[PDB]
Amino acid sequence: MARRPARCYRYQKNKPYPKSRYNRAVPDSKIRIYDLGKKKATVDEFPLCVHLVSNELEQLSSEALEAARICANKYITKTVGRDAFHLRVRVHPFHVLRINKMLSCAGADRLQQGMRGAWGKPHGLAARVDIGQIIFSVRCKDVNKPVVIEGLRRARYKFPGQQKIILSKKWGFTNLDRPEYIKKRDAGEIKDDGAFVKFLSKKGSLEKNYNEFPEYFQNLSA
Amino acid sequence: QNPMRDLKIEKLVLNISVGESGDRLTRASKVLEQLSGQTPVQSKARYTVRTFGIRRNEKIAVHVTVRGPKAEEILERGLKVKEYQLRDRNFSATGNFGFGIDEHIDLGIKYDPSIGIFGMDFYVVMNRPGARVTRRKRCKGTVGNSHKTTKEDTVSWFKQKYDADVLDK
Amino acid sequence: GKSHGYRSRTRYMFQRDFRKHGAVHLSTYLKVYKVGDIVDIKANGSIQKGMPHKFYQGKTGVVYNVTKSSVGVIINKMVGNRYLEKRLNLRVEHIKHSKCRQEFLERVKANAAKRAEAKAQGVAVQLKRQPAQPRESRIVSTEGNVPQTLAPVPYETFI
Amino acid sequence: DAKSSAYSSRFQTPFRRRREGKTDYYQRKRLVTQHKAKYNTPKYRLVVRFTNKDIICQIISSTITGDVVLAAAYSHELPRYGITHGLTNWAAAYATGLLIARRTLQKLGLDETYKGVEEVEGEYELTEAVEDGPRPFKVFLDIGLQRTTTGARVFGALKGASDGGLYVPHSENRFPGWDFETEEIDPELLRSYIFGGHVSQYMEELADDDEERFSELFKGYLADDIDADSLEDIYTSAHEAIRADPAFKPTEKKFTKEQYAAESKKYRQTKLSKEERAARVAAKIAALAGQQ
Amino acid sequence: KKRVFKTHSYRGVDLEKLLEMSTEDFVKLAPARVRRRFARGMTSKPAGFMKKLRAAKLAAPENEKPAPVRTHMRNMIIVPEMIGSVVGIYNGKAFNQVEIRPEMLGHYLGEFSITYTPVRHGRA
RNA sequence: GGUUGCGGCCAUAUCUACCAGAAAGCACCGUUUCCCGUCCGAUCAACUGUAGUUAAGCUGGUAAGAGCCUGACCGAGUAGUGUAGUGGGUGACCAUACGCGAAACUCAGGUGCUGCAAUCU
RNA sequence: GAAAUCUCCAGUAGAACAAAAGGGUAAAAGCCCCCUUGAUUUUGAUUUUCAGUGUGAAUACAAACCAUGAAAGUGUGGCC
RNA sequence: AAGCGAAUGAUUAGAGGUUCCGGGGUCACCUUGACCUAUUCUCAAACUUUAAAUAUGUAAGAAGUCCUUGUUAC
C-alpha cells in the first residue's frame, strides 16, 4: 500500500504503542545503523560535539530518521572524508503507528463496514520526541565544525517541525564540559573503552581503582 | 595443623544406568545389595526424552551411597581396580571426584547365575568435619572459605593416601 | 466483554511492597482491638483469606465487632445521595490502628492535664488549638550579614 | 560467588531470627496469635530447646515489644536438686519438665492445688480442673525447629510439665514406648524412661558385655559409684526435691557484672572511627602507589 | 594402570619379571606356533623395526605416552622388548595404534590390524 | 560488655574477601543399647559431656567494598501538576500569575537497635 | 552425547501452584510422604454486582459432629 | 513525572575475558562462531525502584476524659 503522508502522524496524539507481545504483527524499522563515521575513534580524537535538537514535541517517523541519516552522512563524508566524524542517531523508533486498512474499490461500501471495529493495523514505526531532546549528535575535530553544521543543516530538512543546531559545550559525547574534562584527562582518571571512556570514582575498592587507574595515583604522588 | 580441618571420607555414591525396566533392575539391584550390604534406591526418571526408550518414573537407575569405614574400605578395594592412581581429570572444582568401572560382579565375589555384567560408577564426595552446619535443621548456616574444599587440597590429600599420583595420563 | 469481579483493578493495590513480600510481621496478630477503636484498612495481599473489597482499602472506620481472628469494621460508603453503613468481615492481617485518633486521645490527656493545673492557678488555660497565626514583627540584624545582591542569570543552552 | 549489584539491590532478607535459622515464623504466627475475644490474655509458651550439654525449658508470653519470661528453669541447675552426672538425657528432660511446672505454679499461687502426679506411673492423666477451683494453668508447648518424633526429649519435658500439674495440651502418640498395633503407652516402659531406665539398662548391659565403652563413657558415674538401678533412687529423690522447693535462686556469682563488663571490654574488638577510616586509606594508598 | 587386584602372570612369570626378559629366553615359555617361527629363524626382519622402537622409548619421558611407531608385519610376535610401546600396524589404510602390554605378550601382531571394515547391516 | 533461650522493629542487621575471639556459653565434635529414620546413625532420634577443638559455625572487627538506611540550601524550586486569563503560538505546544512540588544524579554520614530471663573473669 | 541418572556449589524465586491473565507464596500456598473427607448439618448476618432486590461468588462466626496435628491452630471445597 | 551503569521486555555502539558442550586453518597448536563482565544510546498502556499535583478516608470530645467498684451462663 502507498505510504500515508507524514502530516497524518506528526503529533503525539496516541499513547506509546511499542513492539511487545501484545503488538505481534509489525514490520521492522527502516533505520538500522545508528552510529556512523569513524565510530571507533577515541574520545579525544573528536572533541567538538554538535547536536541537532528538536524544539517541539512531535513524532519522527522511523524512516525519516533513515532518510536524514543518509543525507547527513553523504555531505559529511564527501566533504571531509570517511573518518573525520562520528554521528549517533540518539532517538530510536519504538512507537508503532497504526493504519486502518481501507478499500477504495468500486462500490467498496458493501464489503467494508467503515468504522465498525476500526482498530488500525501496524503501519510503521516512529520516534517520539519532546522539546529539547537531541535528535542527532555528531562529534568531530573542531576545524571540521563548518562541515558538520552544514551537513546537519541538510539533515534538518528531512524532519518536520523546527530543529536547532546547538554547539554543545560538552567534550564530545561525554557529560563533561570542555575546560574541566581537560583537567580530568590530564590528571589521568580516564581509560578508553573502545569508543567511550572510564572515570575514576572517589568511591570504590582502592585495589580495583589501582588496577584500572595507576596513573592517577602516580600523578598525585609525583 | 588443626586436626578436624583435615579431610575425611564422608559419602561415596554409586550409580548405574539401565534404560529399560524389569528383571534387569533386579540383577542391577542385587549386585549392589550383595556389594554394599545395603539396598540401594531406584531413582525415577524426571522426564521422558523418547530417545532412549525411557518413560517417566521408570526406575531406570540404581544407586546407593556408602559412608564411614565401609566407604573407605570399599574405596580401598575400589582403587585396586584403579591401581591406586587417577587422572587429573575427574576432579570437580568443589573437591569431589569420581570414576567409573565396567564390572564388579565376579570382581567382588564369585559370580552367581542370572546377575550378568554391569558397569559401576563412583563419585567420591569429600569435605571436612563440620559439614553438619549446612545439614542441621536448626541454625543452618554455611562454611568458611578456609573450610572449603578445592582441587588443590584433595589432589594433595589423594597423594599421601593410596600412594597415588594424579594425572596418570 | 467487561468484568467487575470481586478483585478487579487490583494489579497494584494488593501487591506487597518492595522487599516487604513474604511473612507478615508478627506484631499484627499481637495488636489488641476493642469495640470502638478507629482502624484503617490496608489489605496486605499476602493473606488471601478474608481480604476486604478493593473499595475499602484506605477507608478508616470504627470497629464494631471483634471475633476469633477477624474484627468487624463499620465504614460509611458513597451510594447515590446517601451514605450507607458497611459492616465488614476483616482478618486482622489487613488492618492497623489509626494513628490519627491516638494523637487526639493523647491531646485529650494533655488538655485534661493542663486544665488540672489551671484549676489550681492560672485560669483561662486556652484549651483549643490555634492554627498558624500571622507571624509577629521582628528585627532582622545585619552584623556580618550585609544583603548580598542577586541578578537574573543569562540564558544558556546548558547542553 | 561474585554476585551482581541487582541481586544485592533487590534482596529481601528474611526476619533476623529466620536468617539465623533459630526461629520458625510459620508456627510462631499460630503460637502467638490470640482469639481476639480474649483481648489481653497472653498466651503462654512452653519453649523447650536443646543446647549441647544442657536443656533449656521456659514459660514465655509474647507481648508487643518482645517476650517476657515467667520462670526459666534450665537443666544446668539440677545439680542443686541432686541430679549431677547427666544433664541432657530423657530423665533429665522429665525432671526439668516437672521443675518448670512446679516453679511457675508456686509462682502464680497454685502450689497448694494441682499437685500433678505424686506417685508417677507415667500414665496419660491430664490434670483435670478441680471442681469449684481455678482452672489449671494452660500452657502451650512450642518445640521450635526440632522434629516431632516418638520418644523425643522435648516431649519428655512435655510429659514432665503436665505431670507437674501444669496442664499442657498434648497426646500420648509421641511418647516413648509407643505401640503401632494398640494406641496405648506402656506404663512399665514409659516410667522406665522417666527414671532413666534406658540409660541405666544401657550401662548395665555394657558392663555385662565389655568394660572399655562402659568405662570411657559414663566416667562421670564411675566417680560417684552409683549403680544402674540406683539411678531410679536419685531421680525419685530429685523429683521430690524439685517438688519440695522449686522456687529457684540465682547463682551466687563472682566478679559482679560491672567486673564482667570491664574485663570483656578490653578483649572485645572495638570499632574504628571515620577519621581513622580515612586515616588508614592514606596508608593503603601510599603502600599501593608508593613507588610501586 | 598395571597393578590390579592380582598382578597378571604369563606361564608362571610375574608381571614385574614380565617386564625384564629379552627375546631369546621367551621361547622356553612360548607356544609352538610362535616357537616354530623363531626356531626357523628371525633373520633381521624385526631388528630394523626393533631398533627404532628403543630410540622412541628413550626420547619419551614420563607424563606422556611414547610416540606411536608403525609397521605392517602382522606376522610379528609380541616380544617383551616392544613392551610398554605403541605401534600402528598397516592394513591398507589408517594405521591403528595399539599399546603393547604384558597381558598382550607372546601373541601375533596381526590380531590388531583389522584389515577389513566390519560389515554393518540394518537401517544405517 | 560477651553468651544462650525466646524475641520486637525486619539488610544501619544483607552480601563478597581478610583478621580476631580471654572466661563462660554456643557449636563442631564422640558412640549407636532403647526410641526413631534414612540407599546411608550424613538428617533425624537416643546417649556421653566424655576423646578433642576454634578449623569452622557463631560473634566482633577490617574494605577510599557493592548494597542498604538516613539527610543535604546537590540536582531542583527542575520535571510534573491544581486554578486563571479576550495570554503568546497556524498548530504543536509554550510562557506567565497564584499554589503544591518530585525522581534519577551528586555529596555527606552510618552498618544494627533493643525487650524478658538465666549466665560469664 | 546439548538432553538418560548420580554428586556438589551458586541459586530473592528468574520455577510450580488444573485450566486466560494478574496478584500472592521459601523450614511455603512449590516437590515428596502420612492420615483423612469439613466438598457435612441447622440456619442467620455481612461483602461485590446493587434498587443496597434476587442469583452467583465470598468473609466472618455460633450451635453440632468430625478430620489433621504433639499442640497451638487450621478446615463450611480448590491460594484469590 | 522519573528509571534503566535497578527487576521483566526491548534496544545502538563498541572494550575485556572460554570446558576438549563446535577452531572451519599445522593435534594442544593466533586462530574470528559464544556467553559473561565494566561501560554507552534510546525506550514502554497491558514494565518498574522511587514517585508528585489535584482529588480522597478518618479525627478534632459532654454519647467525651478521669477515678470508685457491681452484673455476666462470656
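Going by the header, the method for this PDB entry is cryo-EM, and the resolution given is 3.08 Å.

Turning our attention to the overall build of chain C. When helices and strands are counted, chain C shows one helix and five strands. Along the chain direction, N to C, the helices and strands of chain C fall in the order β-β-β-β-β-α. Viewed in the frame of its principal axes, chain C has a C-alpha envelope of about 70 × 70 × 40 Å. The buried share of chain C, taken over its 159 residues, is 25%. For chain C, the exposed surface amounts to about 12,300 Å²; the carbon and sulfur share of it is 55%. Put simply, chain C has 31 plus and 11 minus side-chain charges, and the middle of one group is 14 Å from the middle of the other.

Here we come to the arrangement of the chains. There are five pairs of chains in contact here; the most contacts are made by chains C and D. Across the gap from chain A to chain B, with no contact made, the nearest C-alpha atoms are 21 Å apart.

Turning our eyes to something else, we now look at the side chain of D142 of chain D. Residue and element names in this part refer to chain D. Within the secondary structure, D142 is located in strand 4 (residues 140–142). We classify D142 as buried; its relative accessible area is 2%. Setting aside residues no more than four positions away along its own chain, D142 makes contact with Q27, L31, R45, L46, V47, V48 and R49.

It is worth spelling out the protein's contact with RNA strand G at this point. Taken together, the neighbourhood of RNA strand G is formed by 73 residues, with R46 of chain B, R7, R87 and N89 of chain C together with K43 of chain D sitting nearest. Per the 4 Å cut-off to the protein, sugar and phosphate atoms form 68% of the nearby atoms of RNA strand G. Here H21 of chain C contributes a side-chain N or O atom positioned 3.1 Å from a phosphate oxygen of RNA strand G. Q12 of chain D has a polar backbone atom sitting 2.5 Å from a base nitrogen of RNA strand G.

Taken together, the side chains of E118, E119, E121, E123, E125, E128, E131, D132, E184, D186 and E188 of chain D define an acidic patch exposed on the protein surface. With respect to the helices and strands, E188 of chain D occurs in helix 7 (residues 187–194).

Turning our eyes to something else, we now look at the protein's contact with RNA strand H. In the neighbourhood of RNA strand H, 40 residues make up the surrounding shell, with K39, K40 and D193 of chain A together with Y12 and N76 of chain C lying closest. Within 4 Å of the protein, the contacting atoms of RNA strand H are 70% sugar and phosphate, with bases supplying the remainder. At 3.2 Å from a base nitrogen of RNA strand H is found a side-chain nitrogen or oxygen belonging to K15 of chain A. A distance of 3.3 Å separates a phosphate oxygen of RNA strand H from a polar side-chain atom of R89 of chain B. Going through the elements one at a time, strand 10 (196–199) of chain A, helix 1 (99–120) of chain C together with helix 1 (5–9) of chain D are the ones with two or more residues in the surface near RNA strand H. Counting residues per element, the surface near RNA strand H draws most heavily on helix 1 of chain C, which supplies six residues. Split by residue class, the surface near RNA strand H holds 16 nonpolar, eight polar and 16 charged.

Our focus in this paragraph is empty space enclosed by the protein. This structure, assessed with the given rule, holds two cavities of 30 Å³ or more. What the largest cavity holds in volume is close to 50 Å³. Ranked by residue count, the leading element in the lining of the largest cavity is helix 1 (residues 23–36) of chain B, at three residues. Of the residues belonging to the lining of the largest cavity, the class tally is seven nonpolar, two polar and no charged. Each pocket or cavity is described by its volume, and for the second largest cavity that value is around 40 Å³. Taken together, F49, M76, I77, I78, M82, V87, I100 and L109 of chain E make up the lining of the second largest cavity.

With that settled, the discussion passes to the sheet that holds strand 3 (residues 59–61) of chain A. Residues and elements named next belong to chain A. One open sheet holds the three strands; their spatial order is 3-6-5, and the pairing between them is antiparallel. On the outer flanks of this sheet lie strand 3 and strand 5 (95–99), each paired with one strand and no other. Recorded for the sheet is a direction-independent mean angle of 50 degrees between the axes of neighbouring strands.

Here we take up helix 2 (residues 145–156) of chain A. Residues and elements named next belong to chain A. Across its twelve residues, helix 2 extends 16 Å between first and last C-alpha, which sits within 8% of the 16 Å expected from 1.5 Å per residue. The complete set of buried residues in helix 2 reads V147, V148, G151, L152 and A155. Along the axis of helix 2, the buried positions cluster into a sector of 130 degrees, meaning they face one direction only.

Looking now at the side chain of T149 of chain B. All names here are of chain B. Residue position: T149 is located in the loop between strand 5 (120–127) and helix 4 (151–160). On the basis of relative accessible area, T149 is assigned to the buried category, the value being 8%. In this view, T149 contacts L7, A93, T94, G95, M126, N127 and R128; residues no more than four positions away in its chain are not counted.

Rules used throughout
- Residues numbered from 1 in each chain as written, not as in the entry; some residues may be left out.
- Chains lettered and ligands numbered in written order.
- Part of a larger assembly, values for the part shown.
- Heavy atoms only, no water.
- Helix = DSSP H or I, 4+ residues; strand = E, 2+ residues; numbered from the N terminus.
- Buried < 20%, exposed > 50% of the residue type's maximum accessible area, 1.4 Å probe, protein only.
- Areas by Shrake-Rupley, 256 points an atom, 1.4 Å probe, with all protein chains shown as cover.
- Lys, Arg positive; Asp, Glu negative; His and termini not counted.
- Charge placed at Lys NZ, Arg CZ, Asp CG, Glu CD.
- Contact = heavy atoms within 4.5 Å.
- Near = heavy atom within 4 Å.
- Polar contact = N/O pair within 3.5 Å; in protein donor to acceptor, adjacent residues only side chain to side chain.
- Patch = residues over 30% accessible without salt bridge, like charges linked within 9 Å, V, L, I, M, F, W, Y side chains within 5 Å.
- Salt bridge = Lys/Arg side-chain N within 4 Å of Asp/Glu carboxyl O.
- Nonpolar A, V, L, I, M, F, W, Y, C, P; charged D, E, K, R; others polar.
- 1 Å grid on protein atoms, 1.4 Å probe; cavity = no way out; pocket = protein on both sides within 12 Å on 5 of 7 lines; lining within 4 Å.
- Points joined across faces, edges and corners; volume = space filled by probe spheres on them.
- Pairing = 2+ DSSP bridges.
- Axes fitted to C-alpha atoms, helices over the stretch in contact; angles between N-to-C directions.
- Expected span 1.5 Å × (residues − 1).
- Arc of directions from axis to C-beta.

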